[PDB]
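So you can see what is in the structure, the chains are spelled out below.
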Amino acid sequence: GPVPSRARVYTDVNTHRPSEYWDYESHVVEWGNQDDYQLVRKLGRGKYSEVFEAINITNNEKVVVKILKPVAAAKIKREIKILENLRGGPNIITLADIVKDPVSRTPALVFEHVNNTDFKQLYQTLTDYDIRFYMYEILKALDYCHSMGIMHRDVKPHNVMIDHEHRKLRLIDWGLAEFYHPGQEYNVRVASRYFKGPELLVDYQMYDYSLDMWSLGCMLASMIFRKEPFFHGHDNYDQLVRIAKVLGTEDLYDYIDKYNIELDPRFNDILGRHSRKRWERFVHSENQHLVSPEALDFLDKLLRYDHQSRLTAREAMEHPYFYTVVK
Ligand SMILES: COc1ccc(C(F)(F)F)cc1-c1ccc(CN)cc1Cl
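Basis of the calculations
Residues numbered from 1 in each chain as written, not as in the entry; some residues may be left out. Heavy atoms only, no water. UniProt positions renumbered as here; feature names shortened; annotations may be inferred. Helix = DSSP H or I, 4+ residues; strand = E, 2+ residues; numbered from the N terminus. Expected span 1.5 Å × (residues − 1). Buried < 20%, exposed > 50% of the residue type's maximum accessible area, 1.4 Å probe, protein only. Pairing = 2+ DSSP bridges. Salt bridge = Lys/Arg side-chain N within 4 Å of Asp/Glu carboxyl O. Near = heavy atom within 4 Å. Polar contact = N/O pair within 3.5 Å; in protein donor to acceptor, adjacent residues only side chain to side chain. Areas by Shrake-Rupley, 256 points an atom, 1.4 Å probe, with all protein chains shown as cover. Nonpolar A, V, L, I, M, F, W, Y, C, P; charged D, E, K, R; others polar. Contact = heavy atoms within 4.5 Å. Domains from an automatic or database assignment. Buried area = accessible area lost by both parts, 1.4 Å probe.

Asker: I'd like to hear about the UniProt feature "domain: Protein kinase" in the chain, residue by residue, with values.
Answerer: Using the residue numbers shown here, the UniProt feature "domain: Protein kinase" corresponds to residues 37–322. For residues 37–322, the end-to-end C-alpha separation is 41 Å, with 35% helix and 17% strand making up the annotated structure.

Below is the structure:
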């Protein structure tokens, strides 16, 4: 069968911490008062929740209320526990309260308010300097949650709120986050298609924090090359083929051979043979202002098939790409 794998970092964090830390099922939720909050406007709705701008009428502060849907309701303890464990961490969204929505009869998570700049404005106007600055801010959040034994598993632009006016960033939506336990087999049906790591696409279940580093690399590649999304698969199978047209099929075969993974035979009719492409191939006059030898070298070290070979968040923070960023 497949060869087991374990993270090269933070392998023991959930061992060194008491069971109360990671055993979310045993966690008792201390409910607040739903009447403290007045809903102002609906901000959006996803697969698992409906998000609203609200006012905490007790202290007159702006908040965000996330009313979980019934499907999300079963796994709320995991999200709550993770949010409470990470509260106060750098660039981690702050959970302010947990109440029971009167109408939905489900839990509603109350967060600090962040004024998020629209995607278009950020995607189209962030400078090379801003990209390095915000990438470093995301790395602070990822090294914090990884060091705390948690993998986000849904790193993508929709889950990164940026208040550009105040140069403030928060990593949000911890609904898909999990505690990392060495040897544990995890559901591969996590992350949005374009951000899914090769481990998910080849059905390798014993993955870890490094999945977040692949997703981060996908966001960086799209941003610096002006190619949104970078790996534009039509489905989960074509997703791996799009990756292979860049990274090459030889390193993909070395990866699955290392972990004794068998590719799904449906790949025989679509994968083909592809050489590894040099990152300079994606450079052109419309993205040259965002590219540098340091950016390409950084990207190269995140976007690797072998989840054990990618830079960790802490190593990534040491990279020359961030030398220009004011610390
Ligand atoms: C492809 O998206 C990104 C890619 C890289 C970066 C960063 F390098 F600056 F950190 C930010 C975004 C982004 C992150 C979040 C949003 C809006 N929620 C918008 C954008 Cl453009």
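Having seen the structure, we can now continue with the description.
Asker: Describe helix α6 (residues 128–147), listing the residues and the values that go with them.
Answerer: For α6, spanning 20 residues, the distance from its first C-alpha to its last is 28 Å, which sits close to the expected 28 Å at 1.5 Å a residue. The element α6 is largely enclosed, with a buried count of 15 among its 20 residues. Immediately beyond the C-terminal end of α6, within one or two residues, lies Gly 149, with a positive phi of roughly 70°.

Asker: Can you tell me about the pairing of strand β2 (residues 49–56), naming the residues and giving the values?
Answerer: Where burial is concerned, most of β2 is hidden: six out of the eight residues are buried. As paired elements, strand β1 (residues 37–45) and β2 share seven bridges and run antiparallel to each other. Counted as the bridge partner of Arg 41 is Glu 53 from β2. When β2 meets strand β3 (residues 61–68), the two strands line up antiparallel, connected through eight bridges.

Asker: Tell me what's going on with the pairing of strand β5 (residues 107–112), and back it up with residues and numbers.
Answerer: By the criterion of burial, β5 is predominantly enclosed, with six of the six residues buried. As paired elements, β3 and β5 share five bridges and run antiparallel to each other. Of the residues in β5, the one forming a bridge with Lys 66 is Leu 109. Sheet topology note: the strand β4 (residues 95–100)/β5 ladder contains five bridges and is antiparallel. In the strand pairing of β5, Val 99 is matched with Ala 108.

Asker: Can you tell me about the pattern of salt bridges, naming the residues and giving the values?
Answerer: Under the defined criterion, the tally for this structure stands at 18 salt bridges. Ionic pairing is found between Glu 50 and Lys 42, a salt bridge with its closest N-O pair at 3.3 Å. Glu 50 gets classed as buried once you look at its relative accessible area, which sits at 17%. Of the charged contacts, one joins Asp 128 and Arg 132 as a salt bridge, the two residues approaching to 2.9 Å between their closest N and O atoms. Of this pair, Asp 128 and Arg 132 both sit in helix α6, separated by four residues, roughly a single helical turn. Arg 132 sits in the buried class, given a relative accessible area of 9%.

Asker: For the site of the ligand, give the residues involved together with the corresponding values.
Answerer: With respect to spatial proximity, 13 residues lie near the ligand, and among them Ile 131, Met 135, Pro 157, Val 160 and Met 219 are the closest. A distance of 2.9 Å separates a nitrogen atom of the ligand from a polar atom in the backbone of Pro 157. Between the ligand and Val 160, the relevant distance is 3.1 Å, taken from a nitrogen atom to a main-chain nitrogen or oxygen of the residue. Contact with the protein chains removes 98% of the 480 Å² of surface that the ligand exposes when unbound. Counting only elements with at least two residues in the shell around the ligand, the list comes to α5 (119–125), α6, β7 (160–163) and α8 (210–225). It is α6 that provides the largest number of residues to the shell around the ligand, a total of four residues. Of the residues belonging to the shell around the ligand, the class tally is 13 nonpolar, no polar and no charged.

Asker: Tell me about helix α9 (residues 236–247), and name the residues and values.
Answerer: An α-helical turn contains 3.6 residues, so any two residues separated by three or four positions project in the same direction. The first and last C-alpha atoms of α9 sit 17 Å apart over twelve residues, in line with the 16 Å expected at 1.5 Å per residue. The N-cap residue of α9 is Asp 235: its side-chain oxygen and the backbone nitrogen of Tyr 237 are 2.9 Å apart. Two residues or fewer past α9, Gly 248 is found with a positive phi of approximately 90°.

Asker: A description of the UniProt feature "binding site: ATP" in the chain should follow, citing residues and the corresponding values.
Answerer: The residues that UniProt annotates with the feature "binding site: ATP" are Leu 43, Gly 44, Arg 45, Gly 46, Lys 47, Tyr 48, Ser 49, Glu 50, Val 51 and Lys 66. Annotated residues spanning 24 residues; largest pairwise C-alpha distance 14.1 Å, indicating a single compact cluster. Within the element layout of this structure, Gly 44 appears in strand β1. By relative accessible area, which is 26% here, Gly 44 ends up partly exposed. Here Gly 44 is in contact with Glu 50 and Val 51, once residues within four sequence places are set aside. In this structure, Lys 66 sits in strand β3. Apart from residues no more than four positions distant in its own chain, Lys 66 is found in contact with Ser 49, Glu 50, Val 51, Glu 79, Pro 107, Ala 108, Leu 109, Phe 111 and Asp 173.

Asker: Could you give me a rundown of the domain arrangement of the chain, with the residues and numbers involved?
Answerer: Interfaces are often sized by the accessible area lost when the parts come together. Its domain assignment divides the chain into domain 1 (5–22 + 114–327) and domain 2 (23–113). Here domain 1 and domain 2 have C-alpha centroids that lie 27 Å from each other. Taken together, the contact pairs 26 residues of domain 1 with 17 residues of domain 2. Across the domain 1 to domain 2 interface the summed buried area is about 2000 Å²; carbon plus sulfur atoms make up 57%. Considering only the surface of domain 1 that becomes buried against domain 2, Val 114, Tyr 144 and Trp 174 emerge as the three largest contributors, covering 28% of it. At the boundary of domain 1 and domain 2, one finds three salt bridges.

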